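Undergrad: Got a structure for you, questions after.
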Amino acid sequence: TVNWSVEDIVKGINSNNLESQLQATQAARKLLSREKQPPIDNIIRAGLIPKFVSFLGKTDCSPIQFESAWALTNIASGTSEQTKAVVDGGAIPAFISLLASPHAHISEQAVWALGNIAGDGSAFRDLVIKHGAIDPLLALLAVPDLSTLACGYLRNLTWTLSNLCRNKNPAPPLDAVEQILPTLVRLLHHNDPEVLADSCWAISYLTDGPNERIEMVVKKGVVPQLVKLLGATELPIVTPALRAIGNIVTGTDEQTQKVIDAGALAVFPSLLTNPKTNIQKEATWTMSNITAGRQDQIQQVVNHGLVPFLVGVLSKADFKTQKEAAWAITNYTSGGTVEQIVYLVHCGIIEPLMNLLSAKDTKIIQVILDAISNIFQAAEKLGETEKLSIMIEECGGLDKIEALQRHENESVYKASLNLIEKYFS
Amino acid sequence: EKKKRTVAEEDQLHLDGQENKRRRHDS
């Protein structure tokens with residue numbers, strides 16, 4: 001019951017009376033579940049964790065199993081030090097044993113607890129896996145139709161599975177990922193918004209790594225569903241779906257092509273103008289890795305009408321987004337055909353590119369100077385350098401370039417002078 | 001070439017991300 005002192009909780013838990021122990025454990029749970037500043041450290045210092053862990057095994061008193069599971073879940077929701085206290089008390093195998101509880105609310109609470117422990121970081125994630133958590137977790141989801149499961153239960157299962165997919169140095173064990181993926185792909189087709197969001201997060205973590213990890217995911221055929229979720233009205237779904245798509249196009253040309261083949265580029269007029277600045281940034285970053293691809297992939301960018309959207313972002317966007325756009329342009333001009341590059345200029349890339357040369361940011365200045373060099377090399381292939389030179393002078397570009405001559409950074413000077421020397425002298 | 005996802009000083013979740021831990025409320 002309500003607002004016990006820690007002193008009274010300890011007295012109750014130290015009684016040799018299981019019903020007294022239950023009342024005291026519920027009182028601890030309520031303290032730990034209040035809105036403001038749960039006294040986690042006070043409960044830890046009182047030495048209560050080993051008793052709570054012992055209560056997880058009291059099969060004939062399912063209420064104290066539930067109450068201690070909740071209390072421990074909330075201690076483990078805290079700092080790494082607080083999560084470690086729960087693990088140090090032997091809680092991981094006790095919670096795994098509760099996954100097979102005939103009481104659904106107790107099984108669910110154990111799922112949640114293991115999610116908190118795994119969510120601490122890669123070491124505790126891997127320790128939860130070594131204790132054998134994955135088989136019984138997946139067994140709870142081995143049903144013909146996920147819709148027969150309680151919505152809250154299914155959401156907790158999905159979230160906990162996503163933490164087993166989360167974090168790097170190291171990434172999760174390859175065999176654990178393979179074991180989880182088929183269930184994860186089913187969750188990715190479930191019609192609940194929170195299950196969809198957490199499934200996308202899981203996929204985004206799994207694709208955040210070397211191309212071999214990306215391939216494990218792409219082979220399971222998820223890209224079309226990711227592209228569908230790219231267009232969800234829910235921002236909590238779009239954000240991780242976009243991260244996952246973005247991760248995939250950091251991969252091989254073939255992996256990138258799967259994204260293009262599933263129709264992803266048709267969603268980018270909206271993504272590149274999205275009111276959430278983080279979405280615009282991630283979408284432009286994604287575009288920059290696609291224009292880093294083959295000439296036929298650059299051509300698909302052109303065919304979907306996306307070069308004017310890059311011109312737009314270069315013209316006006318949050319500065320970090322403009323940066324990604326500069327990179328998209330330098331990549332485009334690096335790998336593209338002469339005709340592709342010419343098309344870029346006709347779309348109006350030069351003036352907004354020149355205006356960003358005012359940036360008090362060294363990296364983007366280098367990136368922009370590189371693109372200009374690239375565009376000049378295409379123009380002389382057509383023997384039209386002065387024509388481009390004129391365009392740069394008129395919009396004030398030449399002024400900035402000969403300003404970048406007095407610049408502090410090595411490579412910026414050399415790039416600036418060489419431009420002046422070859423095309424403006 | 002391809003830029004793999006980067007570490008910005010605060011851009012792991014960057015507050016638009018997924019909760020790695022959750023406390024159960026109502027008591």
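To be explicit about the labels: the chains of the structure tokens are called A, B, and onward in the order shown, and within each one the residues are counted from 1, while ligands get numbers from 1 in the order they are shown.
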For chain B against chain A, with a cut-off of 8 Å and counting only C-alpha atoms, what is the closest atom pair and its distance in Å to one decimal for every residue that makes the cut, ordered by chain and number, as a tab-separated table?
TA:
```
residue	atom	partner	partner_atom	distance
B:1	CA	A:292	CA	5.2
B:2	CA	A:289	CA	5.3
B:3	CA	A:250	CA	6.4
B:4	CA	A:250	CA	5.7
B:5	CA	A:247	CA	7.1
B:18	CA	A:201	CA	7.3
B:20	CA	A:119	CA	4.9
B:21	CA	A:116	CA	4.9
B:22	CA	A:77	CA	5.5
B:23	CA	A:74	CA	5.0
B:24	CA	A:33	CA	6.1
B:25	CA	A:33	CA	4.6
B:26	CA	A:33	CA	6.0
B:27	CA	A:30	CA	4.5
```
Undergrad: Now that the selection is made, can you save its residues with C-alpha atoms as a PDB file, in the first residue's frame?
TA:
```pdb
ATOM      1  CA  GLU B   1      31.705   7.452 -51.827  1.00  0.00           C
ATOM      2  CA  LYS B   2      29.331   6.214 -49.109  1.00  0.00           C
ATOM      3  CA  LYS B   3      29.228   7.971 -45.730  1.00  0.00           C
ATOM      4  CA  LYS B   4      28.227   5.479 -43.040  1.00  0.00           C
ATOM      5  CA  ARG B   5      26.147   6.873 -40.185  1.00  0.00           C
ATOM      6  CA  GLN B  18      13.767   5.245 -29.047  1.00  0.00           C
ATOM      7  CA  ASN B  20      16.466   2.302 -24.218  1.00  0.00           C
ATOM      8  CA  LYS B  21      14.895   1.920 -20.746  1.00  0.00           C
ATOM      9  CA  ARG B  22      11.327   2.360 -19.449  1.00  0.00           C
ATOM     10  CA  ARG B  23       9.938   2.711 -15.923  1.00  0.00           C
ATOM     11  CA  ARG B  24       6.444   1.325 -15.258  1.00  0.00           C
ATOM     12  CA  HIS B  25       4.181   3.991 -13.710  1.00  0.00           C
ATOM     13  CA  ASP B  26       0.844   4.420 -11.927  1.00  0.00           C
ATOM     14  CA  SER B  27       1.769   3.973  -8.286  1.00  0.00           C
TER      15      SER B  27
END
```
Undergrad: Near residue 220 in chain A, counting only C-alpha atoms, which residues have an atom at most 9 Å away, once you skip same-chain residues fewer than 2 positions from it, shown as number ranges by chain?
TA: A: 181-182, 185, 215-218, 222-223
Undergrad: May I ask for the distance between CA of residue 316 in chain A and CA of residue 341 in chain A, given in Å to one decimal place?
TA: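 Value for the CA of residue 316 in chain A-CA of residue 341 in chain A distance: 21.5 Å.
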Undergrad: Would you kindly return, as a VMD selection string, each protein, DNA or RNA residue with an atom no farther than 12 Å from any atom of residue 425 in chain A, considering only C-alpha atoms and excluding same-chain residues fewer than 5 positions away?
TA: chain A and resid 385 to 386 389 398 402 417 to 420
